[PDB]
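Next up, C-alpha cells for two forms of one chain, structure 1 and then structure 2.
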Structure 1
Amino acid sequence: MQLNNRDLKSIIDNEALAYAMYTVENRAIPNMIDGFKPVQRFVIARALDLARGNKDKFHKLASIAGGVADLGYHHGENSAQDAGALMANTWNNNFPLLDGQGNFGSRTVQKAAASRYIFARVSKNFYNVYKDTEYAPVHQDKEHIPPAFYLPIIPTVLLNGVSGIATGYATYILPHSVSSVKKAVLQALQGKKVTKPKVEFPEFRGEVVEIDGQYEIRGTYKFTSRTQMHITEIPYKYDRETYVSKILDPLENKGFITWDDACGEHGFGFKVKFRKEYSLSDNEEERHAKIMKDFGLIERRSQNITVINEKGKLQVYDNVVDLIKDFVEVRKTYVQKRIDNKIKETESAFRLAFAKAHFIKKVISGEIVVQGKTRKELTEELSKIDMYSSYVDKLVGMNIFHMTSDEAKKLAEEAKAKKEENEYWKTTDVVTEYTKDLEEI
C-alpha cells in the first residue's frame, strides 16, 4: 500500500487538461481535410474493410460498429452505431458518404431505427471524391489502423454540416451546396477569385438569406382564403413533433388557430384555419411579419467554423473561402506525393516486368535451361547477373506456361505498357491531375 500526496493543481493541470484537449482534438471538432470526427473515420474505415470484397454489399450497422474497436476505437460501440446512422441518410447530409438500407430517419422523424434493422455501405460519393487512400498520412498511434485523415478532393466538412461541442470549444458549420464548393475549389486551384459557396439544406424548399453574417432560414406560407393558410415549408431545425408541440399546439389551446396535417410526399405541410380571436392587420407587410414570427418560420443561425487542421491543432476560420483555400493548398501537396509515388512504383514495376521478360527469353532461347541443377545454386547463378539481381525469388517463381509462345510475348508487351505508364506519370503536374479529379465529379 502506497500513500502519495497529490495536490489538486497537479490533477487539474494533467488529467483534466488531457481530457479537455482529448475532447477537442479527438472527439467533437472535425478534421479540416476530410471532415471526419474520429468516430466517423473509424466507422468509414471499417465499412471500407467490409466492402473490400464486394462493394455493393449492405452490411448491418451492428456489424460495422462491432469491428471498430479492433481499428483503435476506445469507446462504446453505441456511439459508433449512432455516428454511423447519422452518416447514411439523405435528409441530413448533402453529400452522404454511406448508403443506408432501412429506416435511417427523415426530416419529420429525425431518428434512425435501431441498428439491428438497418444496413450500410460505403457510398459512391466516397469513391468519387476520396482519392489517394493509399497515400494518406500514417497515424502516430501504432494501434490506429485507419490513417490520420483521408484525402478528398473537395472539402467535405462544408458539405453535410457539422455541430460539435467540446470542453472549452465548439464548432458549428452549415451545409453548403456541392456544386458551389466544387466551383470554389476549382477557382482556388486555378489561382482565381474564389466565390463564396452557397449554403444549401438537404430536402429544404424554403429560403436561405445571408444578412450581416447571420443566415435566415425561412419557411413558406400561402393564403388560400381570408382565414385559411397553408404552410408549405418550415425551418430546417424542426421536426413534426417538435413543430407541433412548440408552435402548433401552443396556438390551438390559446384559441387562435385550428390546424390539420398535410405532410405529404413534398415534406412539411400544414393547413391552419384562423379563428376570430386571432386578428390580422390590414396591410400585407405587418401581417406577413406577424404570421412569420408567431409560427416560428424564421431560424437565425451563425457560423462557428472551428476545425482541426492537417497539423492536428485547432483553427478558427473567419469564413468559408479561407478554409477552402487552405484545404486546396494542403491537398495539392498530397497530389504531388501521389505523382511521385506513382512514378517510383511504375519504374519498379517496369523494371520487374522487363527482367522477367529477359529471363524468359533467355530460358527458351539461351544458355539458361533450369535443368540438371538445384534451387540454391540456380538462385546464386541468377544473383550473378546484375539485371536478374534483386529479382531471384520472383524469376524462379514463375509458372511453366510462361515459357510458351502465347505467354512469352505477353511479358514483353506488359513491360512496354508499364514503361509507357511510367512515361505518362513523368510528364503530368499537380494542376492537371487535380483538374482531372475534379472533372470526375
Structure 2
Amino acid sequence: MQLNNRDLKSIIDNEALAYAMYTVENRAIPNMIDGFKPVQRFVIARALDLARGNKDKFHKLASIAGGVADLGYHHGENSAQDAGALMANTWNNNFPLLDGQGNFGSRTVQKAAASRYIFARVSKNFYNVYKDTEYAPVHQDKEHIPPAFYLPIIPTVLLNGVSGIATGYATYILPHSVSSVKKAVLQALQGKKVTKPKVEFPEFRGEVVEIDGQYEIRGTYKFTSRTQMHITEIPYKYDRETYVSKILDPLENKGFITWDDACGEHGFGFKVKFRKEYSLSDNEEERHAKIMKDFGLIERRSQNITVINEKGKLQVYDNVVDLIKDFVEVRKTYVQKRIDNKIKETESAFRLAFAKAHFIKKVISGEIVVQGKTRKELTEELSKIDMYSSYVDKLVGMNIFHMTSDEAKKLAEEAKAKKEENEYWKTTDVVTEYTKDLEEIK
C-alpha cells in the first residue's frame, strides 16, 4: 500500500501535455524530408506492406484505410480513406505516390467514389524516388511501425503541393514541376546557384507567373466571335460545381451572360454568350482585364512554407531554395550512411563468395573429401581453417549442382563482380552516388 503525494498540479500537467502530445503525433504540417503528413505516411506504409507480396496488385481503399490502426494511426479509417483517395489521383498530384484504379475524381468533379469501390497501389513514382526506406529514422514511439519519415531522392514536399491548418500554424506549398525540382537539387548537390524551380500545376493547361512574390495562376480563353467566348481553362482551385455556382449562376441571375457547358475529356471548357445588357470595352487590354476580373480566371496564391525538419521541429522557410539546400544537406548524410552499410554488406558478401569459390575448387580438385564422413567432423575439419571461420553454416549449406564446372565458374565470376562492387562502393563519395540515383526519375 504505497501512497504518493502527487497533488493536483502534476495530475493537471499530465492531463494536459498528453493532449498536446496526441495532437503533435498527428499534425497537418508536412514533414520536410518526405513531404508526408502522418496520415499519408501511415497510408503509404499500409499500401507498402500490402504490396509486399505482389507489387502490381491493386488493393481496395477500405483495406488500406483500415490497416492503419495496426500501424499506429489513431484518428480512425475515415481520415486514412480521404488521404488515400487524395494521394492516388493524378488530377491533384504532380507526382502521384499511389496508383489508382476506380473513380478517383478529376478536375471537373473532385469527389472520388466510395472507398469500397476504388482501388489503390503504390505507384512506380514512389519506388523510383523513395529510396533507402530501410535507413529512415526509427520512431521514438515503439508503437508506430512506420519510420519517422521516408527518404525521397528529391523533395517530394515541393512536388504535389501540401496545404493544412494547424493549431497556431498554417502551411501552404505550391506544386513544383518534377524537372525543375530535380534540376535544382542537382545544382544544390554540386554547390551551384540553385535556380528557383518553376511551379507547374498537374493537368493544368493555363499560364503561371510570379508577381511581387505572389503567384498568379492565369487561365486561358479565346474569342470566337464578337459576342461569344470559349473558356479553355480556369485556375486550379475551381471544379465545375463550385466555379459555375460562384461565377456563372449569380451572373446568370444578374442577366449578363447565357453560358453553355462544353467541358469534356480535355479538362475544363465553357462556351459563353454575351447579352446586350453586359458592356464590353472596345480596348483589348481593358476588356481582357474586365473578363479576368468578373469571370474569375485570375487567382493569386502565396507560399507559407512551414515544414517539420529532420529533428521533428517546426521550421518556416522564406523560399523553396533554402528548403532544397537543407534537404540536400540532410539527404547527403543518409547517402553516406548507405555508402557505409553497403561497404559492409559487399565486404561480407565478398568474403562469403570467396569461401564458396574455394570450397568448390578444393572439392572438385583433390582436397576436401565429403565422400563418406560425419557432418560434425566435416564442419570441424573445414572450420579449423582460418578463412572458413564464421561461414561454415553457409559454406556447407551449398547445393549439389555447385560442384559442376559451369556453376564453379559462375561463382568465381560472381566473387570477382562482388570485389568490383566493393571497390566501387569504397571509391565513391556522396556526390557521385546521389547524382547516379538522381537520373532514374521521370
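Here the rigid core means the biggest group of C-alpha atoms that line up within 1.5 Å when the two forms are laid on top of each other. Numbers given to residues start at 1 and step along the sequence of structure 1.
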Out of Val178, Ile145, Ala349, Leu280, I need the residue that shifts by 2 angstroms or more at the Cα between structure 1 and structure 2, core superposed.
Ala349
Rigid core fitted, then: does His402 show a CA shift of 2 angstroms or greater between structure 1 and structure 2?
yes
Taking the rigid core as the superposition reference, indicate whether the CA of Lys416 shifts 2 angstroms or more between structure 1 and structure 2.
yes
After fitting the rigid core, is the C-alpha of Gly372 off by 2 Å or more between structure 1 and structure 2?
yes
Superpose on the rigid core and then read off how far the CA of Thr23 has moved between structure 1 and structure 2, in Å.
4.0
Please state the CA displacement of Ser383 between structure 1 and structure 2 in angstrom, with both forms fitted on the core.
7.6
Provide the displacement, in Å, of the CA of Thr427 between structure 1 and structure 2, taking the core as the superposition reference.
1.6
